[PDB]
Amino acid sequence: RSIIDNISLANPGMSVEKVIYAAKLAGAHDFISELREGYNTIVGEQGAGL
Amino acid sequence: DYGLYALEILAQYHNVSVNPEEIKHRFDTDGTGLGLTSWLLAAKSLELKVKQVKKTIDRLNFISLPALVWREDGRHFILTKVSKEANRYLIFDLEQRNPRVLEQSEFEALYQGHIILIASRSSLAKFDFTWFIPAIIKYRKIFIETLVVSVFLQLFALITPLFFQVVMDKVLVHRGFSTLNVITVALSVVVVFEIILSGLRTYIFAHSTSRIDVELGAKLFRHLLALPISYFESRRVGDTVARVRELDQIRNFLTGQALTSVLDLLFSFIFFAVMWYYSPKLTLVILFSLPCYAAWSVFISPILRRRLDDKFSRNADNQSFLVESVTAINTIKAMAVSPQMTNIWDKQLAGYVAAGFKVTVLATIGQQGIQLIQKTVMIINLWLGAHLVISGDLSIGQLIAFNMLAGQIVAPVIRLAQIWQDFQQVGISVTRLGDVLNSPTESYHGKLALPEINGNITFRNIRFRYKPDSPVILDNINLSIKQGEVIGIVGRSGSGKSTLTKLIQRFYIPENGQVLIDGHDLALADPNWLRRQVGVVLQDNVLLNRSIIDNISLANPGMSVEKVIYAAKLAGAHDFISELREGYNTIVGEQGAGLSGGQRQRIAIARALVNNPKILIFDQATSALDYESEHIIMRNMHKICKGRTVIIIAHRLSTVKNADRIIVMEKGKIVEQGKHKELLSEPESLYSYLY
Amino acid sequence: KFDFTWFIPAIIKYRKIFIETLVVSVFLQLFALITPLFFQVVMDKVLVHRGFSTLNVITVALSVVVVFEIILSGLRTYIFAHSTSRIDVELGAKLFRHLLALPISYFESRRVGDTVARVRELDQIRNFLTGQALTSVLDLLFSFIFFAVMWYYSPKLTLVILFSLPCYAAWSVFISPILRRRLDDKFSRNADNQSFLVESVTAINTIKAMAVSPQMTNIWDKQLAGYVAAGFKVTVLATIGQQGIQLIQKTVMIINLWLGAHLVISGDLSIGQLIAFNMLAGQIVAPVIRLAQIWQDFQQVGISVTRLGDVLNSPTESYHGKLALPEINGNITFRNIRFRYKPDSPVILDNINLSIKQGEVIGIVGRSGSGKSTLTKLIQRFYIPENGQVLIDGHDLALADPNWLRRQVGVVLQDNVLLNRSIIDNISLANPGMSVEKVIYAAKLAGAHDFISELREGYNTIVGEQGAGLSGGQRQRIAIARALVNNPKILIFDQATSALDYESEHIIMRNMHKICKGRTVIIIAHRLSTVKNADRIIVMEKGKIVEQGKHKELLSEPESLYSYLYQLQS
Amino acid sequence: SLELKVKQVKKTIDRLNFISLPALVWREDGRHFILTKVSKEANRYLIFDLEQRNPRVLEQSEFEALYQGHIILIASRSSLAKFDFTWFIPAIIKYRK
Amino acid sequence: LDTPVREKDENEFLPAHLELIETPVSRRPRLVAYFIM
Amino acid sequence: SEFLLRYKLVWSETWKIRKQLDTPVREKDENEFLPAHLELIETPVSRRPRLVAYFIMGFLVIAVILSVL
Ligand SMILES: Nc1ncnc2c1ncn2[C@@H]1O[C@H](COP(=O)(O)OP(=O)(O)OP(=O)(O)O)[C@@H](O)[C@H]1O
Ligand SMILES: Nc1ncnc2c1ncn2[C@@H]1O[C@H](COP(=O)(O)OP(=O)(O)OP(=O)(O)O)[C@@H](O)[C@H]1O
Ligand SMILES: [Mg+2]
Ligand SMILES: [Mg+2]
């Protein structure tokens, strides 16, 4: 799935700002912002693609 | 708007990401809210089945929740979690407040009787003949009805010559007056009913096919407006006009005597059974001529298709030539190219007429072939029927009925032969419509929608060329623009600053590197959304044939007129509009004919600024202007750039003197950056040389 | 007047081949009389006693005459189509010549798609003429030779048919006007649709510059719904026409059947004569169904001819041909010029009185919307002044040849549009056989050779649109070179330096001395830098010449509007 | 190869008034010239000599002395398929007689 | 029959209304069996 | 009505202009070398269709004469 959904797997209707705060808190926002698709790239396998 | 917020809540409940403003952009064209049909179009576009149905107060306990109720006269709300044996309903009001439980009496007071039901079903083919297959399936009831009507029409046409055989076999021989009268009146009644039935059949079929054509035209235009700019650049306007009018060709074919004739032809076995019953050795000739008809048709079809393809190529060339000549009639009349222009017109017209004549001669050869196949079978039918009536097992009235049955068999065949030209025209027209439709579009990823834009424009490692073989226009453009930054771009004529303007908005994609707006890459961003968030005054500066107020409010027609007054005052053209007789309601005409250069320049400036854009580009919005009108825009820039990232491209440096940064570009390379005095201080700089 | 009579002489032009078609056509009906007659012989001399060899003779003599009918009808319609396509080509050439001979005020008051639809009505006439339309009516007109044979069979049934025909005619006249009105409405809707489509695809750059796709989509959807609804009303009226023709045919056929059966059982008629009568009735009513199936095309052609007349009857301004006026110099004199774009429109130029001498590099400066382009359009024969007149070389322009002056005058307009051709041809649009070195000299003089040489194709690249495919300054330079490639006597540079940077403007200013070697040049430009070296500056505001004279003497007065613009530039 | 239909046909002295001009005449034994703008009732013909000089009007006797009887007519008709069996289809059409 | 085309026929042919109405029914669906018997 | 009268008047008025509206005769190899249009307009149909139609004419005529006399 996408990163925005993979992180928010517990609740898909939860807002984007919560995921943004979680990613900044986890130190994961920098590379995702540097990614070409941002929160749209797809994890192509169980953990592959990244 | 509330209904849009209700749609957003429903989408969140069904766990699909939406943007309310994007839905407002794509479905509130006339403004003043969404409405019912716009809401249903948006929900269908979100892959979310919805239906507006009337429901009783007690039937609301069996529907699946949530359900938005549409109030005609006022505000809406969304019912969810229906409670039984309590007379209480949990409704979320679209006014921003808590979900409230409403009691029975007030709900029955505040419920019109209709509701919208919502469900989600989550389990690009080329445009060919196969695209019409779902159109057949969607309108299946109408087509089944038409098939039944055609079968009954064939039954009436079959019962017509039984009376003839009776009259020539049992009434002509002995005597008869009462049976003659009965046959006459019954036949008159049955032919009247046959005529009425056929008329109703073709009326219903024409209506259904008209609906199909309207859907096809809407789809074609929707796909056409989403096509890239290089698409229109490689072709010409007349080519696309001819391609679109090929849909008019398809329609002019479709709602005629075309599909009814083939439906009658395919339902000829009812006739065939009766003719076989009359005589076995008189229907084998027809059953052998039908493959002869098929062989003649398949022999004549490809040559006629090739003739009509050539004819349409000539027609498209003539159309493009004519549109190009008419749309630039000012420069054509200004010089004396008209003899040459008429000469090339005569060349094209003679070619087109030759192609049409070469089409029609083959068409009439094909028609005469079908006529020959009919007539030889007719004469051998005469021969064999004469043998069978002078010998036995066949009577004279039976022969007459058989002959007329054969004639009614072959009349659809001759009608097909007559409209074979239109058959092949549709055969090439659907191909051309596919050629338009199969081209790749400016599609965007259907992922989660993007938020509003702050003016953070980053060009990174940009290498762009217009054509694959074209010389490189932008070499290594790397640049950063922040919010509220009044950037100016200057350079020589042809340096490539207009390419930067066309690369900010997604007119093209860079070959190497990328541009990011607010940290989001454009390689997959939605072009429609950014074009909504960015107001651009172009260099070509053409207008559209409507009123001035509508021309300014083309982006947002649902707003007030005082905003238009404000925008025209900032553009310095409110007074020049006011001293016109019609004011803002005057017709500007085609290509801005009714206004001069500077007037339509100010009109375009006001049109691109009347909205609320985050990025505001002026690509030589000043070059067509003059002094004492330039200075008005210069004075109004403090109000224009209030919070908007403004990028100004102009060869007149006085418009760039107050810019926060000035970027000199030459051969698509950025050589100098900084303020006006930071560049003019050095005399060896290109800015000083241009000064 | 191009109402409908333009075909009357031209048809006369091919009268010989047409009389040839008539000599064929009537005999075709004679062949169409041969086949049914044989039938009654088979039903009167073969079915009564016996027969095998006479039936052989009948079949052999019938196959050949049937084949001869088929080939003769094919050759007849081939000849008719070939000799009518020539009339079509004549009409097309006349239409395009008159279209290009029309004035500018004709074009500006209406759209492009309107004229496109008017010209495509000629294509509609083309599809009509080389079709199954005139052959069917020619067969119907010459089918009267059957009637005498009808009078040979029975008078009562012949009277039935001879009363059936006026029913056809009267009911067709009854149904014609409503179908014509609905097809006229459909044509108007189609013309509006073409206008919208052309103005939307031509301006696709501005349409997609903003995000306004959905409003155009909604407008197109409404227009398409209207057009297809009007077409569907036309279709249902054509359905009513065809069904009524069927009703008349079938009712008259029932009457014929009943009366013929009564006559045969009453004597004086035979079964072979009756079936021959039925065959003749079918073959004589077949043209009626044949024309009824294309009655909608007939009404569409009526509308198309009316609209071609609407185009062609507009007053043209091609030429006057008065005494063959000889070559002109830069002698331009305005006298009491009063002009309005529309009769109800406010006056633009009030009391313009100017005289330009030969070789005088004159520049005009004014406010936006003052009317500086009106002088540009009035030098040429684009418009006719409401009051007063202009004169070139002492000759009034109310009677001069527009094409002659506009080939003697070179102009760059405020908006520059090219054609979808090569640069070498776009610059040399006035004369395609003129040598390359002239274009090279013009491009060097206009400062346009450097980028063209730097272009990948050189003089071979194609302007992909009206002005797209290149830059704005490059397009302006190409337009300047196109204006300067000939040897014009009067040059008009209306905003010749608009989309050009300061370096290219300086290049043009340095080459301006080579530009004006004996040519009178009128420079319309807001930039005061490009008119500083002008021979005479003329300042106009609100359509009034308010300051005139040299640059320095006018700038010497601090209260002048020119001086005011001068410190506004700084 | 220039997309310019030409044909070498023999033409009588009087039939030259109905051909479309220009027309190059091919002299077997010597130099060529191009006739253009045929003049009626004047016995004069405007021919451009391929020797580099002015277009000259030649009188009837010398032209009939300097004309073999043949001419080349010129007209322009300005309105890559894969090599398959279909390439033989025009070959069938060209040799139709 | 002589009346022009107006809003009551304009609305039903607008393509959005076509898009909403799935499996559409014609204006005269029952007239077929009515006119047969 | 009056339109028939005006059509007859125009028809006669252009009927006196025959041999002045007609164009001079040219053979095939001469008239195919005309500008594309003029060639399209002054090419006669051919010598083949006229002779074929007249052959069918003669066949019918001699057949009728033989059948009657
Ligand atoms: N539509 C196009 N198709 C192909 N090439 C193009 C197109 N537009 C521009 N080019 C090429 O890119 C170059 C850059 O042109 P551009 O319009 O960006 O110039 P500019 O600096 O904005 O011009 P000016 O300031 O004079 O209007 C052109 O010189 C041309 O070679
Ligand atoms: N096609 C037209 N139809 C009607 N009125 C027009 C038309 N073109 C211009 N006008 C009116 O006439 C005025 C002057 O027209 P013109 O084109 O001569 O202006 P201009 O002085 O050249 O303009 P600018 O300096 O802005 O380039 C305009 O301000 C407008 O009010
Ligand atoms: Mg530019
Ligand atoms: Mg102007």
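Residues 137-706, in that order, are what chain C shows, numbered as in Swiss-Prot.
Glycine is no exception: its Cβ is also placed from the backbone N, Cα and C atoms.
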Scan C:388-408, C:409-429 against Swiss-Prot and say which stretch is down as transmembrane segment.
C:388-408
Using a cut-off of under 8 Å between C-beta atoms, tell me which stretch among C:158-178, C:191-211, C:295-315, C:388-408 contacts the transmembrane segment (C:269-289) the most.
C:158-178
Name the residues of the same chain, 6+ apart in sequence, whose Cβ is under 8 Å from the Cβ of C:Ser509 (ATP binding site)?
C:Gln550, C:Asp630, C:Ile660
Scan C:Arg503, C:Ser504, C:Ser506, C:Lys508, C:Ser509 for binding-site residues whose C-beta lands under 6 Å from an atom of ligand 2 and note them, or write none.
C:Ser504, C:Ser506, C:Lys508, C:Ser509
What is the one among the binding-site residues C:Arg503, C:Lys508 whose Cβ has the most other Cβ atoms less than or equal to 10 Å away?
C:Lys508
Report, as a single number, how many Cβ atoms besides its own are within 10 Å of the Cβ of C:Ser504 (ATP binding site).
22
Secondary structure at C:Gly502 (ATP binding site), reduced by DSSP to three states:
strand
So which of the binding-site residues C:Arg503, C:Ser506, C:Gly507, C:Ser509 sit close to ligand 4, that is, with a CB under 6 Å from an atom of it?
C:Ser509
For a quick check of packing: other C-beta atoms within 10 Å of the C-beta of C:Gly502 (ATP binding site), how many?
26
Mind pulling out which binding-site residues among C:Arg503, C:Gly505, C:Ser506, C:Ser509 sit under 8 Å from chain B, Cβ to Cβ?
C:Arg503, C:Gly505, C:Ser509
Are there residues of the same chain, six or more positions away from C:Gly505 (ATP binding site), whose CB falls under 8 angstroms from its CB, and which are they?
none
What same-chain residues, at least 6 away in sequence, bring their CB to under 8 Å of the CB of C:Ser506 (ATP binding site)?
C:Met676, C:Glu677, C:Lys678, C:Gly679
